[PDB]
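One structure is given below, encoded as C-alpha cells.
Every number for a ligand or one of its atoms is a count from 1 in the order of the listing. No hydrogens, no waters, no symmetry mates; every other heavy atom, side chains included, goes into these values. Labels below follow one simple rule: chain letters A, B, ... track the order of the sequence lines, proteins then strands, and each chain is numbered from 1.
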Amino acid sequence: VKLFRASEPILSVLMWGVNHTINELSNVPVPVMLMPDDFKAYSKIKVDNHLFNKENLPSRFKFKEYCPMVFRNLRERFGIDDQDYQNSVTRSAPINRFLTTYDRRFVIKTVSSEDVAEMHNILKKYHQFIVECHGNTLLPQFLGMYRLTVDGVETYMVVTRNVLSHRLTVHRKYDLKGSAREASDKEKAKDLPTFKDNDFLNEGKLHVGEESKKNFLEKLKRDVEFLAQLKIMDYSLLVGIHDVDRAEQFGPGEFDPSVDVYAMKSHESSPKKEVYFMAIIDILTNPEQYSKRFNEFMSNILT
Amino acid sequence: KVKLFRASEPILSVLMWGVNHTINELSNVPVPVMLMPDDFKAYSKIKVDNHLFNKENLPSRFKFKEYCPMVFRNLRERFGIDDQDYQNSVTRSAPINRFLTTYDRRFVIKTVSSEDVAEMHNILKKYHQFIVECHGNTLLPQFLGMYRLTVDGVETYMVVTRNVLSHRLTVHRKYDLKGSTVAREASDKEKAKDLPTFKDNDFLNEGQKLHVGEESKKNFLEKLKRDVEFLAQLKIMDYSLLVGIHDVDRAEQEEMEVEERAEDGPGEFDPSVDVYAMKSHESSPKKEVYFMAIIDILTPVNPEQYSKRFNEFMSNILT
Ligand SMILES: Nc1nc2c(ncn2[C@@H]2O[C@H](COP(=O)(O)O)[C@@H](O)[C@H]2O)c(=O)[nH]1
Ligand SMILES: Nc1nc2c(ncn2[C@@H]2O[C@H](COP(=O)(O)O)[C@@H](O)[C@H]2O)c(=O)[nH]1
Ligand SMILES: Nc1nc2c(ncn2[C@@H]2O[C@H](COP(=O)(O)O)[C@@H](O)[C@H]2O)c(=O)[nH]1
Ligand SMILES: Nc1nc2c(ncn2[C@@H]2O[C@H](COP(=O)(O)O)[C@@H](O)[C@H]2O)c(=O)[nH]1
C-alpha cells in the first residue's frame, strides 16, 4: 500500500506521478529503437477527485512526463531498473528546491521552463552520446523530466542519479569551474560547506591511482568536448570527500560501485584514507574556451 | 505481463484501461471501517492526453470517471468478489458481446443512459444497506462498478454486474418474465435467433415448469419476497426475472461433438461462482440447471402492485 504521504502536496503528486508513469510504461513494449517523435512526446494525466482519496493527494492536480520513451531508455542505459527507480521515489517521501529520494539514490531538482526547453534541445544529441560512450560518462544522468501542476501552479523537475554516495557520509564537498570563486562567510557556516576553486586550490589534494587518473581524465575529456560541441557552458565538477577514519569514529570505505557510480578509492601509497565522488553537473544553460579551462583545472587535482 | 488493452473498439480499450487504473489506485486506499455519507456522492476522474506516445491501442485522448468508488469496492467485498479477480476478468482480454461480457463470462458490462446513472445514485444508499442486512443474499443485480468513459468527446455510461448466467455451463433456453396482464411474447424475429429471449406467454404457452425441490424453492421464494418488496419500497418498476435453463444431457452431448470436431463436473457448478444456479429436483424429468435472478431495476398499474403481480407469477413458475 502506497499512501504517498508527504510533507507537501507537490511531493505527493511527484510520488503519485512517478508511480503512475512507471506502471503505465510497464505496459508499453520496449521498442527496437527510439524514433524522432519520441523526442517530441509526452504523457499528460489530469486528476479530478471529488470526495475521494484526499488523505494525502490533492483532489485536483496534473502530471506531465516529457519524452517517457527516451528517459526510460536512458534509465536502462544507465543500468537502472524501472521498478527500483519507482520504489526509490514512492516508498517514502523524498527529503531535503533540491530533493533526494529517501534512500539518497536519486536527486530531484526543480528547474525552470527554459531548463526544460534547453533539455528538449539537447536530448537527441545527449542520448546519442550516451549510446556511443556505453553509458560511461561523468555527465549528469537524466532519468526523467516532469511537470507538476498543483493548485494551478506549474513546477518542472529533473531527476538525476546522485553524484554523492547514498550511504557514505560526505565530509567536504567542492564545486569547481576551473576559471574569482570562494565560499561565502554565511555559506561557511553550516556543516555541509560547498567550496569553490580558490578554497580548494589555496587549501592544497586528491589521490586516485594512475589507473583511476587515466579513466577519469579520459572520461572528462570526451564529456566536456561534447558539452563544447553543444555550445553549452557554466557547469561545475561536484567533488565529494569521504574520509574513512572520521567515519569509524557494514564496514567503512565499503561501497557498491554499481550504485555509487562516481565513487573512487584513495590510492594505497597515499596520505589519508578516503573515497572521492566526482561528476559534472548543471549543464542546462567562450564555451570551447570554458572546456579547456575546465579540463585543465581538473587534471591538476589528480596524483 | 504486459497489458496492451487491445480491443475491437476504442471504447473497450478505455474500459480495460479504466478498470485497471482504478482498481490499482484503490489498492493504495485503506479499507474503511464503514462507509461515510459522502462516499455516496464521491467520484474519481482522470483525463489523459498522450502526445506521440502509447497510441497503439489506447486513444491519445480520453476521460474515465468512476462513481462512488468506495461504495462499489465494498459491494464487491460483500459479494465475495476480490478486486484483483475483477480487474483480471476485465483486463486480461477484451470484453466480448450495448451489452458486454468479460472474456471469461463472469461479469456483465451494460451500457446505460444518464437517467440510469442518476437512478443508481438515488437508490444507492438504500441498496447498499439492503445488501448489508441480507448479507449478499438476493436475486437483485449485484452492482460492482459504475463508469463514464469519454472517447472522441462522446460520453458512455456503463454499469458492471455479476453474470446471472453461469460462466461455464451453456444455456439452452432463456426467458424474460414480468407477469403483466399485457400480452408479452417473443417476436417472430426474436424466435428465429439462435438463443431467443422468450417471454411470459411463451413460458405459459409451453407448459414450462421448473423442478427445483422444496428446500431450494423456499430459499428462492424468500429472497424474491424481500427483493420485490424492496423494489416496491422505491418507485422502481418494470424489472424482470431472468430465467436461463441448462440441459445437462444436451450439454454432455454437445461437449462430445465438440471434441470430435476439434480433434481434426457434469450438470454441476460452484455456488460461490454461479450464484443464481439451482439443480433440478432428484425427481425431475430432465437433469437440468436453472439460473434465475431479477434484472432491469434501473427505472422509476403501480410499483406496490407490480411487486405483488411479479411475486405471485414467479413463485408459480416452480415446483
Ligand atoms: N523543443 C521543445 N521544447 C519543449 C517541448 N515541450 C516543452 N518544451 C519547452 O519546455 C518549456 C515547458 O513547456 P511546457 O511543457 O510547460 O509546455 C517550454 O519552454 C516549452 O517550449 C518540446 O516538445 N520540444
Ligand atoms: N547530494 C547531492 N547533492 C548535490 C548533487 N548535485 C548537486 N548537489 C548539491 O547542490 C549544490 C550545487 O548547486 P546546484 O549546482 O545543484 O544548483 C551543491 O552544494 C551540492 O551540495 C548530487 O548529485 N547529490
Ligand atoms: N444523485 C446523484 N446523481 C448524480 C451524481 N452524479 C451524477 N449524477 C447523475 O448522473 C447523470 C450523469 O452525470 P455526469 O457524470 O454525466 O455529469 C446526471 O444526469 C446526474 O443526474 C451524484 O453525485 N448524485
Ligand atoms: N448473459 C447474461 N445476459 C443478460 C444478463 N442480463 C440481461 N441479459 C440479456 O442481455 C440482453 C439485454 O438485457 P436487458 O437490456 O434486457 O437488460 C437481454 O436480451 C437479456 O436477455 C446477464 O446478467 N447475463
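Salt bridge status for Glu76(A) with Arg72(A): absent, with no side-chain N to carboxylate O gap under 4.0 Å. The pair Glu203(A)-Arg172(A) meets the salt-bridge criterion, with a side-chain N (NZ, NE, NH1 or NH2) lying under 4.0 Å from an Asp/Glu carboxylate O. Ion pairing of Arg148(B) with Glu155(B) is present here, as a side-chain N (NZ or NE/NH1/NH2) and a carboxylate O approach within less than 4.0 Å. Using a cut-off of 4.0 Å between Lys/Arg side-chain N and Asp/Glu carboxylate O, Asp234(A) and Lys177(A) are scored as not salt-bridged.
Per-residue contacts place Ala118(B) under 4.0 angstrom from the following atoms of ligand 3 (heavy atoms of the residue considered): 9 (C), 10 (O), 21 (O). Within ligand 1, the atoms closer than 4.0 Å to a non-hydrogen atom of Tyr156(A) are 12 (C), 14 (P), 16 (O), numbered from 1 in the order shown. Interface of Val116(A) with ligand 1, defined as ligand atoms under 4.0 Å from a residue heavy atom, comprises 10 (O). In summary, the atoms of ligand 2 found under 4.0 Å from a heavy atom of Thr194(A), numbered by their order in the structure, are 19 (O). Per-residue contacts place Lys65(B) under 4.0 angstrom from the following atoms of ligand 3 (heavy atoms of the residue considered): 14 (P), 15 (O), 17 (O).
Here the shortest heavy-atom distance to atom 24 (N) of ligand 2, taken over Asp175(A), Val111(A), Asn162(A), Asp234(A), belongs to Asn162(A). Nearest to atom 1 (N) of ligand 2 by heavy atom, out of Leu164(A), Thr110(A), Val107(A), is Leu164(A).
The protein heavy-atom contact nearest to atom 14 (P) of ligand 2 is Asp282(A) OD2, 3.2 Å. With respect to atom 13 (O) of ligand 3, the closest heavy atom belonging to the protein is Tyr67(B) OH, 4.0 Å. Protein heavy atom at the shortest distance from atom 7 (C) of ligand 1 is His120(A) CE1, 3.8 Å. Here the protein heavy atom with the shortest distance to atom 23 (O) of ligand 2 is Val163(A) N, 2.8 Å. Ranking the protein heavy atoms by distance from atom 11 (C) of ligand 1 puts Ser113(A) O, 3.2 Å first. Nearest non-hydrogen protein atom to atom 3 (N) of ligand 2 is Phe98(A) CZ, 3.0 Å.
Residue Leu238(A) has no nitrogen or oxygen atom sitting less than 3.5 Å from a nitrogen or oxygen atom of ligand 2, judged on distance alone. Considering backbone and side-chain atoms together, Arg161(A) places no N or O closer than 3.5 Å to any N or O of ligand 2.
Ligand 3 is never approached by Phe40(B) to a heavy-atom distance shorter than 4.0 Å. Using a 4.0 angstrom heavy-atom cutoff, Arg104(A) does not count as in contact with ligand 2.
In this structure, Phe200(A) and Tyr174(A) have perpendicular ring planes: the angle between them is above 60°, well past the 30° mark. Between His50(A) and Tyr43(B), the ring-plane angle classifies as tilted under the 30° and 60° cut-offs.
Side-chain atoms of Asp39(B) do not come within 3.5 Å of backbone N or O of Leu35(B) as any donor-acceptor pair. Of the possible donor and acceptor atoms, none in the side chain of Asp260(A) sits under 3.5 Å from a partner among the backbone N and O of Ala263(A). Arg76(B) contributes a side-chain N or O that, together with a main-chain N or O of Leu144(B), makes up a donor-acceptor pair within less than 3.5 Å.
Distance screen at 4.0 Å: atom 20 (C) of ligand 1 has no protein heavy-atom neighbour inside the cut-off. Using a 4.0 Å threshold on non-hydrogen atoms, atom 17 (O) of ligand 1 counts as touching the protein.
A side-chain donor-acceptor contact under 3.5 Å links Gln141(A) and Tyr262(A). Checking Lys54(A) against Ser59(A) by side-chain atom types alone, a donor-acceptor pair falls below 3.5 Å.
Between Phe294(A) and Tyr235(A), a ring centre-to-centre spacing shorter than 6.0 Å is recorded.
Neither the backbone nor the side chain of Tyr42(A) has a heavy atom within less than 4.0 Å of ligand 1. The proximity of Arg147(A) to ligand 1, defined as any non-hydrogen pair under 4.0 Å, is limited to the side chain.
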